[PDB]
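coords.pdb, holding PDB, C-alpha atoms:
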```pdb
ATOM      1  CA  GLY A   1      -5.382  11.909 -24.574  1.00  0.00           C
ATOM      2  CA  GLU A   2      -5.782   8.925 -22.247  1.00  0.00           C
ATOM      3  CA  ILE A   3      -2.499   9.565 -20.367  1.00  0.00           C
ATOM      4  CA  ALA A   4      -3.728  13.109 -19.602  1.00  0.00           C
ATOM      5  CA  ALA A   5      -7.058  11.651 -18.506  1.00  0.00           C
ATOM      6  CA  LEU A   6      -5.311   9.264 -16.068  1.00  0.00           C
ATOM      7  CA  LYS A   7      -3.302  12.198 -14.684  1.00  0.00           C
ATOM      8  CA  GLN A   8      -6.612  14.082 -14.126  1.00  0.00           C
ATOM      9  CA  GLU A   9      -7.934  10.997 -12.293  1.00  0.00           C
ATOM     10  CA  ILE A  10      -4.882  10.999 -10.019  1.00  0.00           C
ATOM     11  CA  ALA A  11      -5.308  14.768  -9.369  1.00  0.00           C
ATOM     12  CA  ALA A  12      -8.970  14.158  -8.414  1.00  0.00           C
ATOM     13  CA  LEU A  13      -8.001  11.338  -6.028  1.00  0.00           C
ATOM     14  CA  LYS A  14      -5.413  13.584  -4.362  1.00  0.00           C
ATOM     15  CA  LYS A  15      -8.094  16.211  -3.723  1.00  0.00           C
ATOM     16  CA  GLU A  16     -10.421  13.544  -2.302  1.00  0.00           C
ATOM     17  CA  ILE A  17      -7.662  12.337   0.004  1.00  0.00           C
ATOM     18  CA  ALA A  18      -6.877  15.892   1.161  1.00  0.00           C
ATOM     19  CA  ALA A  19     -10.595  16.434   1.941  1.00  0.00           C
ATOM     20  CA  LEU A  20     -10.632  13.280   4.075  1.00  0.00           C
ATOM     21  CA  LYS A  21      -7.510  14.470   5.922  1.00  0.00           C
ATOM     22  CA  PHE A  22      -9.390  17.724   6.816  1.00  0.00           C
ATOM     23  CA  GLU A  23     -12.306  15.602   8.136  1.00  0.00           C
ATOM     24  CA  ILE A  24      -9.930  13.527  10.260  1.00  0.00           C
ATOM     25  CA  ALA A  25      -8.302  16.712  11.640  1.00  0.00           C
ATOM     26  CA  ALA A  26     -11.771  17.947  12.721  1.00  0.00           C
ATOM     27  CA  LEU A  27     -12.544  14.603  14.388  1.00  0.00           C
ATOM     28  CA  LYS A  28      -9.257  14.801  16.286  1.00  0.00           C
ATOM     29  CA  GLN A  29     -10.035  18.385  17.332  1.00  0.00           C
ATOM     30  CA  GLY A  30     -13.403  17.234  18.678  1.00  0.00           C
ATOM     31  CA  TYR A  31     -11.810  14.318  20.514  1.00  0.00           C
ATOM     32  CA  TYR A  32      -8.951  16.075  22.373  1.00  0.00           C
TER
ATOM     33  CA  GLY B   1      -1.198  -4.655 -19.606  1.00  0.00           C
ATOM     34  CA  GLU B   2       0.374  -2.107 -17.240  1.00  0.00           C
ATOM     35  CA  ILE B   3      -2.146   0.518 -18.356  1.00  0.00           C
ATOM     36  CA  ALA B   4      -5.088  -1.834 -17.678  1.00  0.00           C
ATOM     37  CA  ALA B   5      -3.579  -2.620 -14.233  1.00  0.00           C
ATOM     38  CA  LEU B   6      -3.182   1.098 -13.419  1.00  0.00           C
ATOM     39  CA  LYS B   7      -6.871   1.679 -14.281  1.00  0.00           C
ATOM     40  CA  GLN B   8      -7.909  -1.244 -11.998  1.00  0.00           C
ATOM     41  CA  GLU B   9      -5.800   0.263  -9.180  1.00  0.00           C
ATOM     42  CA  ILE B  10      -7.537   3.651  -9.670  1.00  0.00           C
ATOM     43  CA  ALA B  11     -10.946   1.939  -9.498  1.00  0.00           C
ATOM     44  CA  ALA B  12      -9.889   0.245  -6.261  1.00  0.00           C
ATOM     45  CA  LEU B  13      -8.759   3.582  -4.761  1.00  0.00           C
ATOM     46  CA  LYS B  14     -12.139   5.123  -5.635  1.00  0.00           C
ATOM     47  CA  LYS B  15     -13.876   2.262  -3.753  1.00  0.00           C
ATOM     48  CA  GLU B  16     -11.601   2.747  -0.682  1.00  0.00           C
ATOM     49  CA  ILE B  17     -12.269   6.528  -0.766  1.00  0.00           C
ATOM     50  CA  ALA B  18     -16.019   5.879  -0.874  1.00  0.00           C
ATOM     51  CA  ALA B  19     -15.803   3.561   2.147  1.00  0.00           C
ATOM     52  CA  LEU B  20     -13.742   6.126   4.050  1.00  0.00           C
ATOM     53  CA  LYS B  21     -16.192   8.961   3.234  1.00  0.00           C
ATOM     54  CA  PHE B  22     -18.968   6.766   4.647  1.00  0.00           C
ATOM     55  CA  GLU B  23     -17.099   5.879   7.818  1.00  0.00           C
ATOM     56  CA  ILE B  24     -16.211   9.538   8.435  1.00  0.00           C
ATOM     57  CA  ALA B  25     -19.759  10.803   7.846  1.00  0.00           C
ATOM     58  CA  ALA B  26     -21.057   8.092  10.196  1.00  0.00           C
ATOM     59  CA  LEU B  27     -18.508   8.892  12.917  1.00  0.00           C
ATOM     60  CA  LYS B  28     -19.224  12.657  12.780  1.00  0.00           C
ATOM     61  CA  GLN B  29     -22.860  11.903  13.674  1.00  0.00           C
ATOM     62  CA  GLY B  30     -22.268   9.016  16.077  1.00  0.00           C
ATOM     63  CA  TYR B  31     -24.162   6.727  13.732  1.00  0.00           C
ATOM     64  CA  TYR B  32     -23.115   3.093  13.830  1.00  0.00           C
TER
ATOM     65  CA  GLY C   1       8.035   7.249 -18.803  1.00  0.00           C
ATOM     66  CA  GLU C   2       4.474   8.385 -18.066  1.00  0.00           C
ATOM     67  CA  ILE C   3       3.231   4.933 -16.994  1.00  0.00           C
ATOM     68  CA  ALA C   4       6.061   4.488 -14.451  1.00  0.00           C
ATOM     69  CA  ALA C   5       5.262   7.962 -13.062  1.00  0.00           C
ATOM     70  CA  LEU C   6       1.579   7.087 -12.736  1.00  0.00           C
ATOM     71  CA  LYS C   7       2.451   3.821 -10.954  1.00  0.00           C
ATOM     72  CA  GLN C   8       4.532   5.820  -8.434  1.00  0.00           C
ATOM     73  CA  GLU C   9       1.624   8.251  -7.845  1.00  0.00           C
ATOM     74  CA  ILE C  10      -0.742   5.306  -7.307  1.00  0.00           C
ATOM     75  CA  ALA C  11       1.715   3.740  -4.798  1.00  0.00           C
ATOM     76  CA  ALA C  12       1.791   6.993  -2.836  1.00  0.00           C
ATOM     77  CA  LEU C  13      -2.036   7.211  -2.850  1.00  0.00           C
ATOM     78  CA  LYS C  14      -2.244   3.617  -1.533  1.00  0.00           C
ATOM     79  CA  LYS C  15       0.036   4.537   1.422  1.00  0.00           C
ATOM     80  CA  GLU C  16      -2.141   7.627   2.101  1.00  0.00           C
ATOM     81  CA  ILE C  17      -5.296   5.478   2.107  1.00  0.00           C
ATOM     82  CA  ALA C  18      -3.713   2.974   4.503  1.00  0.00           C
ATOM     83  CA  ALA C  19      -2.860   5.820   6.898  1.00  0.00           C
ATOM     84  CA  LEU C  20      -6.422   7.200   6.729  1.00  0.00           C
ATOM     85  CA  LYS C  21      -7.909   3.765   7.398  1.00  0.00           C
ATOM     86  CA  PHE C  22      -5.727   3.441  10.510  1.00  0.00           C
ATOM     87  CA  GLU C  23      -6.657   6.910  11.768  1.00  0.00           C
ATOM     88  CA  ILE C  24     -10.399   6.259  11.246  1.00  0.00           C
ATOM     89  CA  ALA C  25     -10.137   2.863  13.003  1.00  0.00           C
ATOM     90  CA  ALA C  26      -8.435   4.591  15.947  1.00  0.00           C
ATOM     91  CA  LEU C  27     -11.023   7.404  16.102  1.00  0.00           C
ATOM     92  CA  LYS C  28     -13.853   4.813  16.148  1.00  0.00           C
ATOM     93  CA  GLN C  29     -12.220   3.227  19.259  1.00  0.00           C
ATOM     94  CA  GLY C  30     -11.829   6.705  20.774  1.00  0.00           C
ATOM     95  CA  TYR C  31     -15.424   7.749  20.230  1.00  0.00           C
ATOM     96  CA  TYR C  32     -17.202   4.390  20.838  1.00  0.00           C
TER
END
```
Can the structure in the file be given as structure tokens, please?
Amino acid sequence: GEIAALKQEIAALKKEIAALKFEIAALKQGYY
Amino acid sequence: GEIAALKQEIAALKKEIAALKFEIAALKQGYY
Amino acid sequence: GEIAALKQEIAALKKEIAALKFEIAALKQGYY
């Protein structure tokens, strides 16, 4: 139901955040 | 009420993630 | 219950976003 849907939304946000952390790591690698 | 608030908070996180994706993509290309 | 759990997940995501925003701000100073 809707609670499960909200949990799926949270899971999707976590994956988005992880992806951005990878991008930041790459930018730091390029910098130093 | 708390459920409505949680959904608003999720919407706000999606907007922040979008802004971050943009800033990262811009930085990777040296586009300001 | 489930709503309290979701609120805790959202709180964690908000901290993660804050950290990313800081890192991106710092990288912009580094690169530009």
Protein, DNA and RNA residues within 12 Å of (-4.9, 5.1, 1.2), all atoms listed in the file, as a ChimeraX atom specification: /A:13-14,16-18,20-21 /B:9-10,12-20 /C:9-24
In Å to one decimal, how far is CA of residue 30 (chain A) from CA of residue 30 (chain B)?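 A separation of 12.4 Å between them.
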Spell out the residues picked by the PyMOL selection byres ((chain B and resi 32) around 10) here, as an MDAnalysis selection string. (chainID B and resid 23 26:27 29:31) or (chainID C and resid 28 32)
Cα RMSD of chain A after least-squares fit onto chain B, all atoms paired in order: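 Computed on C-alpha atoms only, the RMSD stands at 2.5 Å.
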Could you jot down the CA of residue 2 (chain A) to CA of residue 8 (chain C) separation for me, Å, one decimal place?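 Interatomic distance here is 17.5 Å.
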Write out as AutoDock Vina command-line options an axis-aligned box for region 21-30 of chain B: all of its atoms listed in the file, 8 Å added on each side, centre and edge lengths in Å with one decimal.
```
--center_x -19.5 --center_y 9.3 --center_z 9.7 --size_x 22.7 --size_y 22.8 --size_z 28.8
```
